[PDB]
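Novice:
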Amino acid sequence: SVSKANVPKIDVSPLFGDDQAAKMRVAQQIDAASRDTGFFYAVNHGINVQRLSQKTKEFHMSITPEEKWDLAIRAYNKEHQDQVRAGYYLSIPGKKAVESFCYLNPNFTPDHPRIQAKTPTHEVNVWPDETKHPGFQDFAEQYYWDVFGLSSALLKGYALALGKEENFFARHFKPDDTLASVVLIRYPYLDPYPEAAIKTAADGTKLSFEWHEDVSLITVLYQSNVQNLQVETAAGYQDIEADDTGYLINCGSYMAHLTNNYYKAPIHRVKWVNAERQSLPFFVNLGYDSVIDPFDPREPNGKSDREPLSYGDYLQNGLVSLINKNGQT
Ligand SMILES: CC(C)[C@@H](NC(=O)[C@H](CS)NC(=O)CCC[C@H](N)C(=O)O)C(=O)O
Ligand SMILES: [Fe+3]
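If you're matching positions, the sequence shown starts at 3 in UniProt numbering and goes up one per residue.
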């Protein structure tokens, strides 16, 4: 039938410290995972994921249709022309099961210069009413910075894994301008489950979301303990086992570009499972003007012929292409 992917659990705690040899040992494990299936679990990460899951559940379960329209992105509410990324992504009863809420850098305010200039991909977050959802915005903004901190540390591991100084990626990952997003996704239990929400893969597997590479530098994902993800290998798709204490980490296609595909962006898909669950990704994106010169770790000199790609142009094109290929979420 279907085999299981080798997804190692890596203790990332040395990446927060000052023991340089211990950091190299973490980096070696990141390298090995990135060259194998492309996924690993980050453990001993220091984030209170129990509070994350509880607060996210309380939001998803208490928000009403009125509030969802008021928060909806432009795809669901033509009045909200400025909300392409941030806001609520509605389910469609009988047709579309998944819903989610996406928010961006809390530092993007009307006062921010990228907002003043109307630069694409930058938006001001929208939030529910504090009286109906007490503490939610405070929790969500805090969480952004908590997962930002973990992601910064992981980026030091990836830099060391590739033979670079530890700030090689992290220097471009800044609180003032990061395009990183959090998505709070609800996959509901439904009976009957809408057939229109289930896709059939070429190999017959029933899916909630088709194969893709991620639009990110790396993706830092929390999920509740319901198995759903599969990664493509040359010998077919393999199941990724769930772990609701760890963060699942993989590279996105910007990492594949800048390493000349030495660290590939793994192709993965989401199997259909009729179970109430959470999927909480943090997409590690750089700043709009961030450019990293591509290199090829396989070459003594690291020379690559690939063109440098501005992160903002990469992200704008990548988000649109993912909608065109796999559907509006
Ligand atoms: C596999 C998970 C990461 C998750 N998939 C997803 O969230 C999928 C594929 S990675 N991602 C997207 O649609 C991109 C959302 C980008 C976000 N609106 C933004 O503006 O930054 C899932 O559970 O479906
Ligand atoms: Fe993905």
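A virtual CB, placed ideally from N, CA and C, is assigned to each residue, including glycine.
Tell me the DSSP secondary structure of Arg308 in three-state form.
Specialist: Here residue 308 is taken as the residue at index 306 of the sequence shown, counted from 1. Three-state result, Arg308: coil.
Novice: State yes or no: is the C-beta of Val217 nearer than 7 Å to some heavy atom of ligand 4?
Specialist: Of the ligands this structure carries, namely ligand 1 and ligand 2, none is ligand 4.
Novice: If you follow the beta strand (DSSP E) that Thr235 is in, where does it begin and where does it stop?
Specialist: Locating residue 235 in the sequence shown gives position 233, where the first residue counts as 1. Note, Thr235: beta strand (DSSP E), 231–235.
Novice: Once the 5 residues before and after residue 332 are set aside, which same chain residues still bring their CB inside 6 Å of it?
Specialist: Since the first and last residues shown for the chain are 3 and 331, residue 332 lies out of range.
Novice: Go ahead and pull the three-state DSSP assignment for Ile187.
Specialist: By 1-based counting over the sequence shown, the position of residue 187 is 185. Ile187: strand per DSSP, three-state reduction.
Novice: Which runs of the alpha helix (DSSP H) fall wholly inside the UniProt domain "Fe2OG dioxygenase" (176–288) and span at least 4 residues, in chain order?
Specialist: Taking only runs of at least 4 residues, the alpha helix (DSSP H) segments lying wholly in the UniProt domain "Fe2OG dioxygenase" (176–288) are 255–260.
Novice: Tell me the DSSP secondary structure of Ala74 in three-state form.
Specialist: Taking the sequence shown and counting its residues from 1, the one referred to as residue 74 is at position 72. The answer is strand: DSSP assigns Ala74 an E or B state.
Novice: Give the C-beta separation of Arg188 and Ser226 to the nearest angstrom, bearing in mind that I take them to be a contact with Cβ-Cβ under 8 Å.
Specialist: Looking up residue 188 in the sequence shown gives position 186. Looking up residue 226 in the sequence shown gives position 224. Not a contact, Cβ separation roughly 10 Å.
Novice: For the beta strand (DSSP E) that contains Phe61, what are its first and last residues?
Specialist: Taking the first residue of the sequence shown as position 1, residue 61 is located at position 59. Premise fails: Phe61 lies in the alpha helix (DSSP H), 51–64, not in any beta strand (DSSP E).
Novice: In the DSSP assignment, find the alpha helix (DSSP H) that holds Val322 and state where it starts and stops.
Specialist: Locating residue 322 in the sequence shown gives position 320, where the first residue counts as 1. Counting along the chain, the alpha helix (DSSP H) containing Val322 begins and ends at 313–328.
Novice: Going by DSSP in three states, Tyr290 sits in which element: helix, strand or coil?
Specialist: Along the sequence shown, one-based indexing puts residue 290 at 288. Residue state, collapsed to three classes: coil.
Novice: When you compare the segment 41–48 with the segment 69–79, are there three or more beta-carbon pairs, one atom per stretch, that lie closer than 8 Å?
Specialist: Because the criterion of three Cβ pairs below 8 Å is not met, the segment 41–48 and the segment 69–79 do not touch.
Novice: Below 8 Å on the Cβ atoms is my guess for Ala88 versus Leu106; work out the distance and round it to an integer in Å.
Specialist: Along the sequence shown, one-based indexing puts residue 88 at 86. Along the sequence shown, one-based indexing puts residue 106 at 104. Indeed, because the Cβ distance is near 5 Å, the residues count as touching under 8 Å.
Novice: On a CA-only basis, which of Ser255, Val233, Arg308 is nearest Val4? Give me that one, please.
Specialist: In the sequence shown, counting from the first residue as 1, residue 4 sits at position 2. Among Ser255, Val233, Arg308, the Cα nearest to that of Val4 is on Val233.
Novice: Answer yes or no: the CB of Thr39 versus the heavy atoms of ligand 1, is any distance below 7 Å?
Specialist: In the sequence shown, the residue the question calls residue 39 occupies position 37. No, the beta carbon of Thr39 sits no closer than 7 Å to any heavy atom of ligand 1.
Novice: What is the DSSP secondary structure of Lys158, counted as helix, strand or coil?
Specialist: Here the question's residue 158 lines up with position 156 in the sequence shown. DSSP places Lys158 in helix when its eight states are reduced to three.
Novice: Identify whether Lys6 lies in helix, strand or coil by the three-state DSSP scheme.
Specialist: By 1-based counting over the sequence shown, the position of residue 6 is 4. Note: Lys6 maps to strand in three-state DSSP.
Novice: Comparing alpha-carbon positions, which option in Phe284, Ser218, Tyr91, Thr111 lies nearest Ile269?
Specialist: Counted from its first residue, the sequence shown places residue 269 at position 267. Checking every option, the nearest Cα to that of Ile269 belongs to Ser218.
Novice: Leaving aside the five residues before and after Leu260 along the sequence, list all residues of the same chain whose C-beta is less than 6 Å from its C-beta, in chain order.
Specialist: In the sequence shown, residue 260 corresponds to position 258, counting from 1. So the list reads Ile294, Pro296, once near-sequence residues are dropped.
Novice: Identify, in the order they occur along the chain, each residue of the same chain with its Cβ nearer than 7 Å to the Cβ of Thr235, setting aside the five sequence neighbours on each side.
Specialist: Counted from its first residue, the sequence shown places residue 235 at position 233. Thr39.
Novice: Which residues does DSSP pair with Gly89 in a beta bridge?
Specialist: Numbered from its first residue, the sequence shown carries residue 89 at position 87. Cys104.
Novice: What are the start and end residues of the beta strand (DSSP E) that includes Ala44?
Specialist: Indexing the sequence shown from 1 puts residue 44 at position 42. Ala44 -> beta strand (DSSP E) spans 41–45.
Novice: Report the three-state DSSP secondary structure of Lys98 (helix, strand or coil).
Specialist: Position 96 of the sequence shown, counting from 1, holds the residue named residue 98. Strand at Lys98.
Novice: When the Cα atoms are used, what is the spatial distance from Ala277 to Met26?
Specialist: On the sequence shown, residue 277 is found 275 positions in, with the first residue counted as 1. On the sequence shown, residue 26 is found 24 positions in, with the first residue counted as 1. Cα to Cα, the separation comes out at about 40 Å.
Novice: What would DSSP say about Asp295, mapped onto helix, strand or coil?
Specialist: Within the sequence shown, residue 295 is the residue found at index 293, counting from 1. Note: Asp295 maps to coil in three-state DSSP.
Novice: For a test of the three-state rule: what should DSSP assign to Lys166, helix, strand or coil?
Specialist: Walking along the sequence shown from the start, residue 166 turns up at place 164. Of the three classes helix, strand and coil, the one that applies to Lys166 here is coil, per DSSP.
Novice: Can you give me the C-alpha to C-alpha distance between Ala99 and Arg300, rounded to a whole angstrom?
Specialist: Indexing the sequence shown from 1 puts residue 99 at position 97. Indexing the sequence shown from 1 puts residue 300 at position 298. Looking at the two C-alpha atoms, the distance is approximately 44 Å.
Novice: Of the choices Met63, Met257, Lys176, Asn328, whose alpha-carbon is the least far from that of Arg308?
Specialist: Numbered from 1 along the sequence shown, position 306 holds the residue referred to as residue 308. Per the Cα distances, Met257.
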